>>> print(open('query-v6.txt').read())   # compact mmCIF, C-alpha atoms and all ligand atoms
# COMPACT_ATOMS: atom_id res chain seq x y z
CA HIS A 3 -39.33 -53.51 19.04
CA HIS A 4 -40.01 -50.94 21.79
CA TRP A 5 -36.43 -49.96 22.66
CA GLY A 6 -35.41 -46.33 22.32
CA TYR A 7 -33.61 -43.52 24.10
CA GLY A 8 -36.37 -42.39 26.54
CA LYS A 9 -36.56 -42.46 30.22
CA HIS A 10 -37.72 -46.10 30.45
CA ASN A 11 -36.47 -47.87 27.26
CA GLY A 12 -32.94 -46.43 26.77
CA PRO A 13 -29.59 -48.22 26.35
CA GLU A 14 -29.43 -49.53 29.92
CA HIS A 15 -32.62 -51.46 29.21
CA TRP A 16 -31.76 -53.04 25.84
CA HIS A 17 -30.15 -56.10 27.32
CA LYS A 18 -33.53 -57.39 28.50
CA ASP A 19 -34.57 -58.03 24.86
CA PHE A 20 -31.15 -58.15 23.16
CA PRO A 21 -28.92 -60.03 25.58
CA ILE A 22 -25.89 -59.54 23.19
CA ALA A 23 -25.93 -55.95 24.67
CA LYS A 24 -23.59 -57.38 27.43
CA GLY A 25 -21.38 -59.23 24.86
CA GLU A 26 -17.69 -59.16 24.38
CA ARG A 27 -17.42 -56.99 21.24
CA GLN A 28 -20.01 -54.22 21.81
CA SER A 29 -19.88 -50.73 20.42
CA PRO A 30 -19.30 -47.86 20.78
CA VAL A 31 -16.11 -47.66 22.94
CA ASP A 32 -13.87 -44.97 24.29
CA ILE A 33 -10.74 -44.56 22.14
CA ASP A 34 -7.77 -44.06 24.51
CA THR A 35 -5.41 -42.35 22.10
CA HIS A 36 -2.32 -43.21 24.16
CA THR A 37 -3.15 -46.98 24.29
CA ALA A 38 -4.13 -47.31 20.52
CA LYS A 39 -1.16 -48.75 18.66
CA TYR A 40 0.03 -47.46 15.40
CA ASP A 41 -0.13 -50.45 13.00
CA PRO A 42 2.23 -49.84 10.03
CA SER A 43 0.47 -52.82 8.35
CA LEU A 44 -2.83 -50.93 7.98
CA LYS A 45 -3.46 -49.53 4.52
CA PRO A 46 -4.96 -46.22 3.49
CA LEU A 47 -8.65 -46.39 3.39
CA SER A 48 -10.23 -46.47 -0.19
CA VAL A 49 -13.50 -44.49 -0.12
CA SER A 50 -14.97 -44.78 -3.64
CA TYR A 51 -18.15 -42.66 -3.67
CA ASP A 52 -17.90 -41.12 -7.19
CA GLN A 53 -20.76 -43.29 -8.41
CA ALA A 54 -22.96 -43.16 -5.28
CA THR A 55 -26.72 -43.11 -5.87
CA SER A 56 -28.68 -41.73 -2.95
CA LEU A 57 -32.40 -42.51 -3.17
CA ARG A 58 -34.45 -41.55 -0.10
CA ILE A 59 -34.27 -40.14 3.41
CA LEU A 60 -36.29 -41.84 6.16
CA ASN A 61 -37.13 -40.93 9.79
CA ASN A 62 -37.17 -44.41 11.34
CA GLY A 63 -38.01 -43.23 14.88
CA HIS A 64 -34.48 -43.46 16.18
CA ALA A 65 -32.50 -41.38 13.60
CA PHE A 66 -32.83 -40.44 9.94
CA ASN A 67 -31.29 -42.63 7.26
CA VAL A 68 -30.06 -41.44 3.86
CA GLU A 69 -30.45 -44.63 1.80
CA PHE A 70 -28.44 -45.58 -1.28
CA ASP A 71 -28.83 -47.95 -4.18
CA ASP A 72 -26.75 -50.91 -2.97
CA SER A 73 -28.00 -53.29 -5.78
CA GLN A 74 -24.49 -52.87 -7.42
CA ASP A 75 -20.99 -51.75 -6.48
CA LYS A 76 -21.52 -47.96 -6.88
CA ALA A 77 -20.29 -46.55 -3.56
CA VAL A 78 -17.84 -48.88 -1.84
CA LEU A 79 -15.33 -48.92 1.00
CA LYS A 80 -12.16 -51.05 0.65
CA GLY A 81 -8.66 -51.12 1.94
CA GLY A 82 -7.71 -50.00 5.44
CA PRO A 83 -8.22 -52.98 7.74
CA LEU A 84 -10.70 -54.59 5.34
CA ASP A 85 -10.54 -57.62 3.01
CA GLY A 86 -12.94 -57.38 0.07
CA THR A 87 -15.48 -54.83 -0.90
CA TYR A 88 -18.19 -53.22 1.23
CA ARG A 89 -21.18 -51.44 -0.36
CA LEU A 90 -22.71 -48.30 1.13
CA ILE A 91 -26.27 -48.96 2.17
CA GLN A 92 -27.15 -45.86 4.29
CA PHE A 93 -25.75 -43.17 6.51
CA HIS A 94 -27.22 -41.66 9.65
CA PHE A 95 -26.15 -39.61 12.66
CA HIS A 96 -26.35 -39.74 16.40
CA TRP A 97 -26.51 -36.42 18.27
CA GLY A 98 -27.19 -34.74 21.62
CA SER A 99 -29.62 -32.30 23.20
CA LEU A 100 -26.61 -29.90 23.62
CA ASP A 101 -23.19 -29.68 21.96
CA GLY A 102 -21.37 -31.40 24.84
CA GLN A 103 -22.73 -34.84 24.05
CA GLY A 104 -24.06 -36.76 21.08
CA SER A 105 -21.25 -38.95 19.76
CA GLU A 106 -21.18 -42.65 20.42
CA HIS A 107 -17.45 -43.19 20.32
CA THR A 108 -15.44 -40.93 22.57
CA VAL A 109 -11.77 -39.92 22.37
CA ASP A 110 -9.96 -39.93 25.71
CA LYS A 111 -13.50 -39.57 27.15
CA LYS A 112 -14.32 -36.45 25.07
CA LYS A 113 -17.83 -36.48 23.55
CA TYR A 114 -18.44 -34.74 20.28
CA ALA A 115 -21.70 -33.01 19.41
CA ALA A 116 -22.65 -35.78 16.92
CA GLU A 117 -21.30 -38.74 14.99
CA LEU A 118 -21.98 -39.78 11.36
CA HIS A 119 -22.12 -43.48 10.51
CA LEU A 120 -21.63 -44.55 6.88
CA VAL A 121 -22.78 -48.18 6.90
CA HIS A 122 -21.42 -50.70 4.41
CA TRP A 123 -21.88 -54.48 3.97
CA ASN A 124 -19.49 -57.09 2.66
CA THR A 125 -20.52 -58.16 -0.82
CA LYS A 127 -19.17 -61.70 -0.33
CA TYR A 128 -22.39 -62.32 1.75
CA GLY A 129 -24.76 -61.14 -0.99
CA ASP A 130 -27.25 -59.08 1.11
CA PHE A 131 -27.26 -56.99 4.27
CA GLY A 132 -29.38 -59.42 6.20
CA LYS A 133 -26.81 -62.19 5.65
CA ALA A 134 -23.87 -59.81 6.30
CA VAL A 135 -25.07 -58.90 9.81
CA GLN A 136 -24.79 -62.58 10.78
CA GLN A 137 -21.02 -62.59 10.08
CA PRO A 138 -18.16 -61.22 12.15
CA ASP A 139 -16.71 -59.44 9.09
CA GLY A 140 -20.13 -58.61 7.58
CA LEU A 141 -20.17 -54.80 7.95
CA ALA A 142 -17.77 -51.84 7.91
CA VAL A 143 -19.02 -48.64 9.51
CA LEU A 144 -17.12 -45.42 8.87
CA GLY A 145 -17.58 -43.13 11.84
CA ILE A 146 -16.94 -39.41 11.63
CA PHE A 147 -17.17 -37.00 14.55
CA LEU A 148 -19.01 -33.65 14.29
CA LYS A 149 -17.95 -30.57 16.26
CA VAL A 150 -19.84 -27.28 16.21
CA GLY A 151 -18.04 -24.32 14.57
CA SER A 152 -18.27 -23.30 10.90
CA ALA A 153 -21.07 -24.76 8.69
CA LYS A 154 -20.47 -27.90 6.66
CA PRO A 155 -21.60 -26.88 3.17
CA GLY A 156 -22.23 -30.45 2.03
CA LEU A 157 -24.53 -31.14 5.01
CA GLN A 158 -27.00 -28.33 4.19
CA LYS A 159 -29.06 -30.32 1.66
CA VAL A 160 -29.65 -32.96 4.41
CA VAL A 161 -30.60 -30.26 6.97
CA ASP A 162 -33.05 -28.56 4.66
CA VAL A 163 -35.09 -31.73 4.00
CA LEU A 164 -35.54 -32.59 7.72
CA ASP A 165 -38.61 -30.36 8.07
CA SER A 166 -40.39 -32.82 5.59
CA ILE A 167 -39.62 -36.00 7.63
CA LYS A 168 -40.28 -34.64 11.12
CA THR A 169 -41.95 -37.74 12.49
CA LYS A 170 -41.34 -41.49 12.58
CA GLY A 171 -42.28 -43.29 9.37
CA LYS A 172 -42.04 -40.24 7.11
CA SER A 173 -39.71 -40.37 4.06
CA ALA A 174 -38.85 -38.09 1.14
CA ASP A 175 -37.20 -38.71 -2.20
CA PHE A 176 -33.37 -37.73 -1.69
CA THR A 177 -31.57 -38.27 -4.97
CA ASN A 178 -28.30 -36.90 -6.20
CA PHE A 179 -26.75 -36.31 -2.75
CA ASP A 180 -22.93 -36.64 -2.74
CA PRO A 181 -21.73 -38.15 0.60
CA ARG A 182 -18.15 -37.01 -0.21
CA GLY A 183 -19.26 -33.63 1.02
CA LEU A 184 -19.47 -35.07 4.58
CA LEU A 185 -15.84 -36.25 4.86
CA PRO A 186 -12.99 -34.40 6.58
CA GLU A 187 -9.80 -33.65 4.86
CA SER A 188 -7.72 -36.54 6.31
CA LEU A 189 -8.63 -40.20 6.28
CA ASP A 190 -6.44 -41.13 9.22
CA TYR A 191 -8.38 -43.57 11.43
CA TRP A 192 -8.68 -45.88 14.37
CA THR A 193 -10.12 -49.39 13.87
CA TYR A 194 -11.38 -52.15 16.10
CA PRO A 195 -13.91 -55.05 15.93
CA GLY A 196 -17.35 -54.26 17.32
CA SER A 197 -21.04 -54.20 16.90
CA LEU A 198 -24.10 -52.36 15.69
CA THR A 199 -24.95 -49.66 18.18
CA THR A 200 -28.71 -50.06 18.02
CA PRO A 201 -30.69 -53.31 18.33
CA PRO A 202 -30.08 -55.99 17.29
CA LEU A 203 -26.53 -55.00 18.49
CA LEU A 204 -25.00 -57.80 16.36
CA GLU A 205 -21.25 -58.26 16.59
CA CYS A 206 -20.64 -57.96 12.86
CA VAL A 207 -18.82 -54.59 12.38
CA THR A 208 -15.30 -53.59 11.58
CA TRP A 209 -15.34 -50.01 12.93
CA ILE A 210 -13.26 -47.40 11.16
CA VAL A 211 -13.38 -44.10 13.11
CA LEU A 212 -11.74 -41.06 11.49
CA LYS A 213 -9.47 -38.99 13.73
CA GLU A 214 -10.34 -35.63 12.12
CA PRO A 215 -13.87 -34.33 12.96
CA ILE A 216 -15.92 -32.35 10.54
CA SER A 217 -17.24 -28.91 11.52
CA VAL A 218 -20.91 -28.18 11.34
CA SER A 219 -22.68 -24.98 12.46
CA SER A 220 -24.89 -24.56 15.52
CA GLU A 221 -27.77 -23.86 13.20
CA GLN A 222 -27.20 -27.16 11.32
CA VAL A 223 -27.24 -29.29 14.51
CA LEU A 224 -30.19 -27.30 15.89
CA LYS A 225 -32.20 -28.53 12.96
CA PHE A 226 -31.33 -32.18 13.77
CA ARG A 227 -32.81 -31.53 17.25
CA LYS A 228 -36.17 -30.44 15.81
CA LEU A 229 -36.85 -33.95 14.53
CA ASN A 230 -39.24 -36.16 16.53
CA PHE A 231 -38.96 -39.71 17.79
CA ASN A 232 -42.77 -40.01 17.75
CA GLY A 233 -45.14 -40.49 14.84
CA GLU A 234 -47.38 -37.83 13.33
CA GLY A 235 -49.87 -36.32 15.76
CA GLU A 236 -48.45 -38.15 18.81
CA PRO A 237 -47.06 -36.37 21.91
CA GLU A 238 -43.94 -34.54 20.72
CA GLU A 239 -40.65 -36.13 21.85
CA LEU A 240 -37.74 -34.33 20.30
CA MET A 241 -35.21 -36.62 18.59
CA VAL A 242 -32.17 -35.78 20.76
CA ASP A 243 -29.68 -37.93 22.69
CA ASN A 244 -30.08 -40.86 20.30
CA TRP A 245 -26.58 -42.17 21.20
CA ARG A 246 -25.51 -45.33 23.07
CA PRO A 247 -22.71 -44.82 25.68
CA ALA A 248 -19.31 -46.33 25.50
CA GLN A 249 -19.24 -50.06 26.25
CA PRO A 250 -16.48 -52.17 27.85
CA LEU A 251 -13.52 -52.69 25.53
CA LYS A 252 -12.89 -56.23 26.96
CA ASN A 253 -10.35 -58.22 25.06
CA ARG A 254 -9.88 -55.75 22.12
CA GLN A 255 -7.19 -53.70 20.60
CA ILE A 256 -7.76 -50.35 18.88
CA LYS A 257 -5.19 -49.85 16.10
CA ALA A 258 -4.23 -46.46 14.57
CA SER A 259 -3.47 -45.97 10.90
CA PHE A 260 -1.21 -43.02 11.66
CA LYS A 261 2.00 -42.38 13.68
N1 LIG B 301 -35.35 -54.14 26.34
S1 LIG B 301 -35.94 -52.96 25.37
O1 LIG B 301 -36.09 -53.51 24.11
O2 LIG B 301 -35.12 -51.83 25.53
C1 LIG B 301 -37.51 -52.56 25.92
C2 LIG B 301 -37.45 -51.74 27.05
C3 LIG B 301 -38.83 -51.54 27.33
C4 LIG B 301 -39.38 -50.80 28.37
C5 LIG B 301 -40.73 -50.74 28.41
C6 LIG B 301 -41.58 -51.41 27.53
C7 LIG B 301 -41.04 -52.18 26.43
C8 LIG B 301 -39.59 -52.22 26.39
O3 LIG B 301 -38.74 -52.86 25.48
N1 LIG B 302 -25.36 -47.29 14.51
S1 LIG B 302 -24.66 -48.38 13.58
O1 LIG B 302 -23.87 -49.30 14.36
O2 LIG B 302 -24.05 -47.77 12.40
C1 LIG B 302 -25.92 -49.34 12.94
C2 LIG B 302 -26.31 -49.54 11.57
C3 LIG B 302 -27.44 -50.42 11.65
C4 LIG B 302 -28.32 -50.95 10.69
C5 LIG B 302 -29.31 -51.80 11.14
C6 LIG B 302 -29.56 -52.06 12.51
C7 LIG B 302 -28.70 -51.51 13.46
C8 LIG B 302 -27.69 -50.72 12.99
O3 LIG B 302 -26.74 -50.07 13.76
ZN ZN B 303 -25.10 -45.40 14.05
>>> encode(input="query-v6.txt", output="structure tokens", more="lines below")
Ligand SMILES: NS(=O)(=O)c1cc2ccccc2o1
Ligand SMILES: NS(=O)(=O)c1cc2ccccc2o1
Ligand SMILES: [Zn+2]
Amino acid sequence: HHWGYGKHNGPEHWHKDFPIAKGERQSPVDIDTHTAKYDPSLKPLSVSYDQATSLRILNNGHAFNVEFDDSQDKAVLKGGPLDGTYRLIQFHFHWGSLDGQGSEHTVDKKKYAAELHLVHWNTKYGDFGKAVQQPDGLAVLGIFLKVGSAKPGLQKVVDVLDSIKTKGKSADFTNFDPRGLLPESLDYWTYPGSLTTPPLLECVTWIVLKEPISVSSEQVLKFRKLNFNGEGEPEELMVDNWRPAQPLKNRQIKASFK
């Protein structure tokens, strides 16, 4: 794998090694709020994170992942558009070099400063590697970030970043409560899509919350001090690690709210 977000290996290049990049259910997409239909059949989401066990934070060269113990049903997503139970495996963000870009989904073409992805896999397939091969294998909860007031529950993540500056570095990250990253409302849009980094597999039910969370300038500035490169290599700041909106094709975005 030599894909990235640089000048010569960014999203417009990915198709050359991952031809699914030009598929019919790629993500992210623009959410046209006037075209998205309210679906009175969609249920409230069930976010059950009381028992979550965070373990480690990793700079993988394209973002940082906060990893969870997904060996049992401790932090799960159910309900909403989903059948069955999806276990939280990791969360990560995508963000910009400036506040005017960074999110992957857009809302009536508006870009947010960043987007959080809480990634879950369908326990009927037993492990994540099997789940990504299935059209209903994953559920990703996407949450927009705007810059304004600090997000108190994000600060513990921000403060550890200085210890995982470069690709391949990790740090123990236990006892982190991902409930502190949610907005007040769980109203959402949903549609069938894909992973947004290679392998770009078409295995995700996307659940994108309407209400952004607020983070401070200082919090997002610390995201932008991370590096894409490894230790001692030429410094490439980890910024603009987002894929653009892809064609919606033959898909409907449904709204949980009137
Ligand atoms: N198609 S790709 O995975 O994004 C990829 C782009 C690319 C550019 C230069 C060298 C290796 C590369 O690998
Ligand atoms: N950015 S995402 O769609 O949440 C995503 C999670 C994920 C895990 C493994 C490989 C690609 C991935 O892409
Ligand atoms: Zn993501």
>>> residues_near_ligand(input="query-v6.txt", ligand="ligand LIG 301 (chain B)", cutoff="10 Å", atoms="all atoms listed in the file", output="MDAnalysis selection string")
chainID A and resid 3:21 23 201:202
>>> closest_atom_pairs(input="query-v6.txt", of="chain A", to="ligand LIG 302 (chain B)", cutoff="7 Å", atoms="all atoms listed in the file", output="tab-separated table")
residue	atom	partner	partner_atom	distance
A:119	CA	B:LIG302	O2	5.1
A:120	CA	B:LIG302	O2	6.8
A:121	CA	B:LIG302	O2	5.7
A:143	CA	B:LIG302	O2	5.9
A:197	CA	B:LIG302	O1	6.2
A:198	CA	B:LIG302	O1	3.3
A:199	CA	B:LIG302	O1	4.0
A:200	CA	B:LIG302	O3	4.7
A:201	CA	B:LIG302	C7	5.6
A:202	CA	B:LIG302	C7	6.1
A:203	CA	B:LIG302	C7	6.5
>>> closest_residue(input="query-v6.txt", among="A:49, A:157, A:240, A:167", to="residue A:142", atoms="all atoms listed in the file")
A:49
>>> atom_distance(input="query-v6.txt", atom1="atom CA of residue A:51", atom2="atom CA of residue A:90")
8.7 Å
>>> residues_around(input="query-v6.txt", residues="stretch 79-82 of chain A", least_positions_apart="3", cutoff="9 Å", atoms="all atoms listed in the file", output="PDB file with C-alpha atoms, in the coordinates of the input")
ATOM      1  CA  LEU A  44      -2.830 -50.930   7.980  1.00  0.00           C
ATOM      2  CA  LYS A  45      -3.460 -49.530   4.520  1.00  0.00           C
ATOM      3  CA  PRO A  46      -4.960 -46.220   3.490  1.00  0.00           C
ATOM      4  CA  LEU A  47      -8.650 -46.390   3.390  1.00  0.00           C
ATOM      5  CA  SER A  48     -10.230 -46.470  -0.190  1.00  0.00           C
ATOM      6  CA  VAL A  49     -13.500 -44.490  -0.120  1.00  0.00           C
ATOM      7  CA  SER A  50     -14.970 -44.780  -3.640  1.00  0.00           C
ATOM      8  CA  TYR A  51     -18.150 -42.660  -3.670  1.00  0.00           C
ATOM      9  CA  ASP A  85     -10.540 -57.620   3.010  1.00  0.00           C
ATOM     10  CA  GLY A  86     -12.940 -57.380   0.070  1.00  0.00           C
ATOM     11  CA  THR A  87     -15.480 -54.830  -0.900  1.00  0.00           C
ATOM     12  CA  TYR A  88     -18.190 -53.220   1.230  1.00  0.00           C
ATOM     13  CA  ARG A  89     -21.180 -51.440  -0.360  1.00  0.00           C
ATOM     14  CA  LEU A  90     -22.710 -48.300   1.130  1.00  0.00           C
ATOM     15  CA  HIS A 122     -21.420 -50.700   4.410  1.00  0.00           C
ATOM     16  CA  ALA A 142     -17.770 -51.840   7.910  1.00  0.00           C
ATOM     17  CA  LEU A 144     -17.120 -45.420   8.870  1.00  0.00           C
ATOM     18  CA  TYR A 191      -8.380 -43.570  11.430  1.00  0.00           C
ATOM     19  CA  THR A 193     -10.120 -49.390  13.870  1.00  0.00           C
ATOM     20  CA  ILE A 210     -13.260 -47.400  11.160  1.00  0.00           C
ATOM     21  CA  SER A 259      -3.470 -45.970  10.900  1.00  0.00           C
TER      22      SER A 259
END
>>> closest_residue(input="query-v6.txt", among="A:243, A:180, A:117, A:101", to="ligand ZN 303 (chain B)", atoms="all atoms listed in the file")
A:117
>>> residues_around(input="query-v6.txt", residues="residue A:256", least_positions_apart="2", cutoff="12 Å", atoms="only C-alpha atoms", output="PDB file with C-alpha atoms, keeping the file's coordinate frame")
ATOM      1  CA  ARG A  27     -17.420 -56.990  21.240  1.00  0.00           C
ATOM      2  CA  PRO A  30     -19.300 -47.860  20.780  1.00  0.00           C
ATOM      3  CA  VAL A  31     -16.110 -47.660  22.940  1.00  0.00           C
ATOM      4  CA  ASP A  32     -13.870 -44.970  24.290  1.00  0.00           C
ATOM      5  CA  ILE A  33     -10.740 -44.560  22.140  1.00  0.00           C
ATOM      6  CA  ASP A  34      -7.770 -44.060  24.510  1.00  0.00           C
ATOM      7  CA  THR A  35      -5.410 -42.350  22.100  1.00  0.00           C
ATOM      8  CA  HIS A  36      -2.320 -43.210  24.160  1.00  0.00           C
ATOM      9  CA  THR A  37      -3.150 -46.980  24.290  1.00  0.00           C
ATOM     10  CA  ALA A  38      -4.130 -47.310  20.520  1.00  0.00           C
ATOM     11  CA  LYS A  39      -1.160 -48.750  18.660  1.00  0.00           C
ATOM     12  CA  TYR A  40       0.030 -47.460  15.400  1.00  0.00           C
ATOM     13  CA  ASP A  41      -0.130 -50.450  13.000  1.00  0.00           C
ATOM     14  CA  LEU A  44      -2.830 -50.930   7.980  1.00  0.00           C
ATOM     15  CA  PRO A  83      -8.220 -52.980   7.740  1.00  0.00           C
ATOM     16  CA  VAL A 109     -11.770 -39.920  22.370  1.00  0.00           C
ATOM     17  CA  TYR A 191      -8.380 -43.570  11.430  1.00  0.00           C
ATOM     18  CA  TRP A 192      -8.680 -45.880  14.370  1.00  0.00           C
ATOM     19  CA  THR A 193     -10.120 -49.390  13.870  1.00  0.00           C
ATOM     20  CA  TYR A 194     -11.380 -52.150  16.100  1.00  0.00           C
ATOM     21  CA  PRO A 195     -13.910 -55.050  15.930  1.00  0.00           C
ATOM     22  CA  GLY A 196     -17.350 -54.260  17.320  1.00  0.00           C
ATOM     23  CA  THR A 208     -15.300 -53.590  11.580  1.00  0.00           C
ATOM     24  CA  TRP A 209     -15.340 -50.010  12.930  1.00  0.00           C
ATOM     25  CA  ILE A 210     -13.260 -47.400  11.160  1.00  0.00           C
ATOM     26  CA  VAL A 211     -13.380 -44.100  13.110  1.00  0.00           C
ATOM     27  CA  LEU A 251     -13.520 -52.690  25.530  1.00  0.00           C
ATOM     28  CA  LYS A 252     -12.890 -56.230  26.960  1.00  0.00           C
ATOM     29  CA  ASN A 253     -10.350 -58.220  25.060  1.00  0.00           C
ATOM     30  CA  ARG A 254      -9.880 -55.750  22.120  1.00  0.00           C
ATOM     31  CA  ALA A 258      -4.230 -46.460  14.570  1.00  0.00           C
ATOM     32  CA  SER A 259      -3.470 -45.970  10.900  1.00  0.00           C
TER      33      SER A 259
END
>>> closest_residue(input="query-v6.txt", among="A:106, A:238, A:214, A:130", to="ligand ZN 303 (chain B)", atoms="all atoms listed in the file")
A:106
>>> atom_distance(input="query-v6.txt", atom1="atom CA of residue A:181", atom2="atom CA of residue A:151")
20.0 Å
>>> residues_around(input="query-v6.txt", residues="residue A:68", least_positions_apart="3", cutoff="8 Å", atoms="only C-alpha atoms", output="ChimeraX atom specification")
/A:56-60,92-94,176
>>> decode(input="query-v6.txt", residues="stretch 107-131 of chain A", atoms="N, CA and C atoms", output="PDB file, in the first residue's frame")
ATOM      1  N   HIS A 107     -18.161  13.424   4.383  1.00  0.00           N
ATOM      2  CA  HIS A 107     -19.502  13.817   3.958  1.00  0.00           C
ATOM      3  C   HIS A 107     -19.598  15.326   3.982  1.00  0.00           C
ATOM      4  N   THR A 108     -20.530  15.811   3.150  1.00  0.00           N
ATOM      5  CA  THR A 108     -20.851  17.236   3.125  1.00  0.00           C
ATOM      6  C   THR A 108     -22.364  17.370   3.226  1.00  0.00           C
ATOM      7  N   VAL A 109     -22.830  18.522   3.627  1.00  0.00           N
ATOM      8  CA  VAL A 109     -24.294  18.733   3.793  1.00  0.00           C
ATOM      9  C   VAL A 109     -24.654  19.927   2.931  1.00  0.00           C
ATOM     10  N   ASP A 110     -25.415  19.650   1.895  1.00  0.00           N
ATOM     11  CA  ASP A 110     -25.722  20.714   0.882  1.00  0.00           C
ATOM     12  C   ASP A 110     -24.424  21.438   0.490  1.00  0.00           C
ATOM     13  N   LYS A 111     -23.400  20.626   0.283  1.00  0.00           N
ATOM     14  CA  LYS A 111     -22.051  21.002  -0.187  1.00  0.00           C
ATOM     15  C   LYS A 111     -21.252  21.658   0.874  1.00  0.00           C
ATOM     16  N   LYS A 112     -21.728  21.926   2.080  1.00  0.00           N
ATOM     17  CA  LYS A 112     -20.913  22.486   3.173  1.00  0.00           C
ATOM     18  C   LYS A 112     -19.945  21.427   3.696  1.00  0.00           C
ATOM     19  N   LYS A 113     -18.714  21.816   3.823  1.00  0.00           N
ATOM     20  CA  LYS A 113     -17.640  21.016   4.478  1.00  0.00           C
ATOM     21  C   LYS A 113     -17.487  21.422   5.887  1.00  0.00           C
ATOM     22  N   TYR A 114     -17.407  20.472   6.791  1.00  0.00           N
ATOM     23  CA  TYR A 114     -17.064  20.783   8.183  1.00  0.00           C
ATOM     24  C   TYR A 114     -15.573  20.686   8.401  1.00  0.00           C
ATOM     25  N   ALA A 115     -15.084  21.183   9.521  1.00  0.00           N
ATOM     26  CA  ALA A 115     -13.657  21.172   9.805  1.00  0.00           C
ATOM     27  C   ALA A 115     -13.103  19.736   9.980  1.00  0.00           C
ATOM     28  N   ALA A 116     -13.977  18.774  10.401  1.00  0.00           N
ATOM     29  CA  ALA A 116     -13.463  17.421  10.597  1.00  0.00           C
ATOM     30  C   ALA A 116     -14.679  16.540  10.685  1.00  0.00           C
ATOM     31  N   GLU A 117     -14.425  15.232  10.648  1.00  0.00           N
ATOM     32  CA  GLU A 117     -15.499  14.237  10.799  1.00  0.00           C
ATOM     33  C   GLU A 117     -14.945  13.057  11.589  1.00  0.00           C
ATOM     34  N   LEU A 118     -15.702  12.645  12.596  1.00  0.00           N
ATOM     35  CA  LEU A 118     -15.381  11.453  13.445  1.00  0.00           C
ATOM     36  C   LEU A 118     -16.130  10.262  12.852  1.00  0.00           C
ATOM     37  N   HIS A 119     -15.416   9.142  12.755  1.00  0.00           N
ATOM     38  CA  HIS A 119     -15.980   7.867  12.351  1.00  0.00           C
ATOM     39  C   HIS A 119     -15.845   6.853  13.476  1.00  0.00           C
ATOM     40  N   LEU A 120     -16.959   6.393  14.009  1.00  0.00           N
ATOM     41  CA  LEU A 120     -17.014   5.299  14.967  1.00  0.00           C
ATOM     42  C   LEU A 120     -17.388   4.049  14.197  1.00  0.00           C
ATOM     43  N   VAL A 121     -16.407   3.153  14.071  1.00  0.00           N
ATOM     44  CA  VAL A 121     -16.519   1.977  13.155  1.00  0.00           C
ATOM     45  C   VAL A 121     -16.974   0.725  13.906  1.00  0.00           C
ATOM     46  N   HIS A 122     -18.000   0.075  13.405  1.00  0.00           N
ATOM     47  CA  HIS A 122     -18.537  -1.097  14.068  1.00  0.00           C
ATOM     48  C   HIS A 122     -18.715  -2.200  13.072  1.00  0.00           C
ATOM     49  N   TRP A 123     -18.568  -3.460  13.517  1.00  0.00           N
ATOM     50  CA  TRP A 123     -18.791  -4.615  12.578  1.00  0.00           C
ATOM     51  C   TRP A 123     -19.837  -5.528  13.088  1.00  0.00           C
ATOM     52  N   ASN A 124     -20.550  -6.129  12.160  1.00  0.00           N
ATOM     53  CA  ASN A 124     -21.719  -6.996  12.414  1.00  0.00           C
ATOM     54  C   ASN A 124     -21.319  -8.328  12.969  1.00  0.00           C
ATOM     55  N   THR A 125     -21.708  -8.559  14.233  1.00  0.00           N
ATOM     56  CA  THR A 125     -21.250  -9.800  14.910  1.00  0.00           C
ATOM     57  C   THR A 125     -21.746 -11.139  14.226  1.00  0.00           C
ATOM     58  N   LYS A 127     -22.716 -11.012  13.342  1.00  0.00           N
ATOM     59  CA  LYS A 127     -23.141 -12.302  12.725  1.00  0.00           C
ATOM     60  C   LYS A 127     -21.985 -12.770  11.849  1.00  0.00           C
ATOM     61  N   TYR A 128     -20.968 -11.995  11.482  1.00  0.00           N
ATOM     62  CA  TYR A 128     -19.885 -12.474  10.620  1.00  0.00           C
ATOM     63  C   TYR A 128     -18.645 -12.794  11.414  1.00  0.00           C
ATOM     64  N   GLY A 129     -18.694 -12.668  12.741  1.00  0.00           N
ATOM     65  CA  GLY A 129     -17.638 -13.274  13.583  1.00  0.00           C
ATOM     66  C   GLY A 129     -16.370 -12.457  13.746  1.00  0.00           C
ATOM     67  N   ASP A 130     -15.816 -11.889  12.655  1.00  0.00           N
ATOM     68  CA  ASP A 130     -14.626 -11.003  12.790  1.00  0.00           C
ATOM     69  C   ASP A 130     -14.675  -9.908  11.725  1.00  0.00           C
ATOM     70  N   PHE A 131     -13.897  -8.886  11.938  1.00  0.00           N
ATOM     71  CA  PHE A 131     -13.931  -7.697  11.077  1.00  0.00           C
ATOM     72  C   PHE A 131     -13.541  -8.015   9.683  1.00  0.00           C
TER      73      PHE A 131
END
